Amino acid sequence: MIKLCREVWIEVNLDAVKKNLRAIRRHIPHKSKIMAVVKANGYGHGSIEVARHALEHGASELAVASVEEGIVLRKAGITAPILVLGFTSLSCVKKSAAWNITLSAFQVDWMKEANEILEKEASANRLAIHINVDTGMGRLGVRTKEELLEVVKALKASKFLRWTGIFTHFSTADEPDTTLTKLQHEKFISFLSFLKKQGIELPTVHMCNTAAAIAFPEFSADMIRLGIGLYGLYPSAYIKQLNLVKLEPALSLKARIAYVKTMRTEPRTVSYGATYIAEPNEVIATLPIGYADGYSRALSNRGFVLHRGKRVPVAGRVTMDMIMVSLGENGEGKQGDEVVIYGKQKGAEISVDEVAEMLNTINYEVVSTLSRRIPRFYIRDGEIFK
């Protein structure tokens, strides 16, 4: 089995991932391609192994949050295109060219200076660029028909840059009111008709995320960007109810009990503040996970774990590296038993959506804030490895 000094770990099921990608393949047009999104350390699942696997089973490009996230992928052996979705400083232009990482950009001045920087070094490859159009998200990108015409011309003269795409982003595609998503769509096809009547040919167009591809597959165009659905999680409860694609969750979290005792002597106080007093014959177990791992402190006298197919509550305040649970009056448990924090055990289950609702947040934040000091194990074909 699994041999650790501190006994807490994560398991990622790679057979779930490949299944999730087929379901999405068979929904969108045959003519469209898939860009796997693995930023923030693969949404907390580990970026290297999920990307490797995704590119074997349907995907052909990848997307990350920064140059540094992309360089980790090339050092692991990957030669596919890698797109950087945020903003990159002119200070990393030559190093992105060297590692062949694709960059987003949307200003005339940025393109002129990035061109001169590689001009003054010759001995270079050319730098590939996607243009970001802002149709309603308000974060990054260009916003008028004239501005965008200026940027396509500054890019077409620049001998060391090369134009490989143009995209946008919907801000409310997971919501049952489709008003603003459709208005974004026709703003975008507008700007592209203009560029065309000018005599300008187009590269790869992409605009959909998980929710958009499931709910508006006729917006697929050349490419889509698959993120949260790769990992078996739905963007919103609304999109799940539509019942159009069946996904399977890939992540679960576990530990082993560290100690078991009956509260006979006194005092019978438990954890900081002494917010919990046991009864003379209650049984209290101690487990090795805390808020510095990503288990929220606000779950103090409130959360659950699974022990032997049943839910036992958390007793007292959460601490930095450890929590206590109550097995009840004359409990039943041993040092060494296995406990489930997120996932399945026999019949019972505690899902990540259940925990996120209990904390007033979204499943996105619950997985991608899991500390890197927890070791990750991968299952593929029934067998474990790392």
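In this text, the rigid core denotes the largest set of C-alpha atoms whose superposition between the two forms falls within 1.5 Å. Residue indices: 1-based, along the sequence shown.
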_Between 190 to 198 and 75 to 83, larger RMS Cα displacement in 6 other deposited structures of this protein after core fit_ = 190 to 198
*Fit on the core, then compare CA atoms: does 290 to 298 or 223 to 231 lie farther from this form in 6 other deposited structures of this protein?*
290 to 298
*Hey, which bit's got the bigger mean C-alpha B factor in the entry, 113 to 121 or 230 to 238?*
113 to 121
*Between 191 to 199 and 254 to 262 (mean CA B-factor, as deposited), the higher*: 191 to 199
*asked:* Just to confirm, going by the entry's C-alpha B-factors, which of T361, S47, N330, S66 comes out highest?
replied: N330
*Out of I289, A221, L85, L149, which residue has the highest Cα temperature factor in the PDB record?*
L149
*Sort the modelled residues of this chain by their C-alpha B factor and say whether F216 lands in the lowest, middle or highest third.*
middle
*CA B-factor ranking of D174, expressed as a third of its chain*: middle
*asked:* Please say which third, lowest, middle or highest, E56 falls into when its CA temperature factor is compared across its chain.
replied: highest
_Where the record places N243 (Cα B-factor, split into thirds across the chain)_ = highest
*asked:* Quick check on the deposited entry: does the C-alpha B-factor of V283 sit in the lowest, middle or highest third of its chain?
replied: highest
